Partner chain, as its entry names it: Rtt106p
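The data below hold one chain only, encoded as structure tokens and taken in the form deposited without its partner chain.
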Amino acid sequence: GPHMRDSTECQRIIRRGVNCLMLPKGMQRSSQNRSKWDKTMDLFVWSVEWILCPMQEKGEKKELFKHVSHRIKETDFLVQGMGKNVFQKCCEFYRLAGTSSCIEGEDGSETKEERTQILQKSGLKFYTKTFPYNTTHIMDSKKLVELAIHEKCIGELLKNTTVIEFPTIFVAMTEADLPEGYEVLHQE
């Protein structure tokens, strides 16, 4: 059944260092969120929102592809949360090609890195929504940050952050390919 929520819900829960701002009962963003502890893995899982951003010119802009992907582990890397659909759609958006490694002695790490290789060899960059460290109440703000999906996992990425309900990932070649009104933050 649906989770315990109010109308004009107002709470912040912290889950292994991620600050999570709770949306009210009727929000489609709270309805489409599936995130909990899962006994079957003895860890926390997320639903997450992915946006693939296509290669535009400086006059001709092109339109985004969106996908929400589910039951992604706090231990997972982005390429293991994205879904084969989002991986295959990135391969068709930028015309990336597939490769192989670690065949000398792996059967699970070889294919974890198979996906990540396509993104680092194309030079694709990944970004997420950030909100302030002291935030206790729900807000909307266009603020992105660039992150190292080839070195960092999703749990340590979100451990330093604030997010509303369930987190969002933007995929693009540059800031100049990212959607309008959104901006990426740099160091001081």
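Residue numbers count along the first chain shown, from 1.
Another form, the form solved in complex with its partner chain, is not on view; read the next lines as being about it.
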4.5 angstroms heavy atom contact with its partner chain in the entry with it bound for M173: no
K125: touches its partner chain in the entry with it bound, heavy atom cutoff 4.5 angstroms: no
Contact flag, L43 vs its partner chain in the entry with it bound, heavy atom cut 4.5 Å: no
Its partner chain contact at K66 in the entry with it bound, heavy atom, 4.5 Å: yes
Complete contact of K112, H150 and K152 with its partner chain in the entry with it bound (any heavy atom, 4.5 Å): no
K121, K159, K143, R34 - the one with a heavy atom within 4.5 Å of its partner chain in the entry with it bound: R34
Stretch 25 to 49 - residues with a heavy atom within 4.5 Å of its partner chain in the entry with it bound: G26, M27, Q28, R29, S31, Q32, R34
